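Working notes, beginning with the structure itself.
Since every read-out is calculated from the coordinates, none of them should be taken as a lab result. Here the Cβ is made from the backbone with ideal geometry for all residues, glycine too, and neighbour counts use every protein chain on show.
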Amino acid sequence: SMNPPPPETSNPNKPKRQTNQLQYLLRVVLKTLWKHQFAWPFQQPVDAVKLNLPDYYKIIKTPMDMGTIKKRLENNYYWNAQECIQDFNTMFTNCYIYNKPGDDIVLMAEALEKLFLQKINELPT
Ligand code: NA
Ligand code: NA
Ligand code: NA
């Protein structure tokens, strides 16, 4: 019923680098979604306490959010684009698992995911 600690956004042992693809993921993908009108619920870890959702972290064991993603990218936490794309996918999957089809938050996620897939289509090959 507490929130869990947030996902780590830096690790002193994990190697860093910034690929052209990782730059694109921060400067195009993350930024386009971050600025979207529906972005706020996804801009930080789900606060199950403030939202009064005591079963959220009983159901969702791999939480992820764009604030974590953004910090990870800003910190060169990822080694490759696939790691970061996986975190976006996890973020969307979590929302669909926990919520019902037709919920406002699911419609918001579906909107962001459509934009995400469109921008990943232009990831530098
Ligand atoms: Na570039
Ligand atoms: Na996805
Ligand atoms: Na569900």
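Computed values, structure above
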read-out	value
Qualifying GluC sites (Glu not before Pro) in region 84-125, DSSP loop, other Cβ atoms within 10 Å at most 10	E122
Dipole axis of the chain (+1 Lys, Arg; -1 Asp, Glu on Cβ), positive-most option in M64, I105, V49	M64
Helical mean residue ellipticity (222 nm; -39500 (n - 2.57) per DSSP H run of 4+; nearest 500) of the chain	-13000 deg cm²/dmol
Alpha-carbon Debye profile of region 1-54, log10 I(q)/I(0) at 0.19, 0.21, 0.30, 0.31 Å⁻¹	-0.90, -0.96, -1.10, -1.12
Calculated from backbone phi, Karplus (6.51, -1.76, 1.60) coupling profile of region 43-55 in Hz, x at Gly/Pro	8, 7, x, 4, 8, 5, 5, 4, 6, 6, 10, x, 9
Residue-by-residue Karplus 3J(HN,Hα) for region 62-74, coefficients 6.51, -1.76, 1.60, Hz, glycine and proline x	10, x, 7, 7, 6, x, 4, 4, 4, 4, 4, 5, 4
Relative contact order of the chain, pairs being alpha-carbon contacts under 8 Å that are 6 or more residues apart, as %	36
At most 10 other Cβ within 10 Å, DSSP loop - trypsin sites (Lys or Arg not before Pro), region 58-125	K61
Cβ-derived FRET efficiency at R0 30 Å, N13 paired with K35, nearest 0.05	0.35
Amide proton proximity set for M64, modelled H, under 5 Å, gap of 5+	none
Given charges at beta-carbon only (K, R positive; D, E negative), |dipole| of the chain in Debye	400
Rg to Rh quotient for the chain, alpha carbon positions, Kirkwood Rh	0.96
Whole-angstrom gap from region 1-70 to region 101-122, using each part's C-alpha centre	15
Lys/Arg +1, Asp/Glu -1 at C-beta; the chain dipole; positive extreme among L123, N13, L30	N13
Where a label projected 7 Å from the Cα of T125 along Cα→Cβ would reach, residues of region 9-32 with amide N under 17 Å	20-21
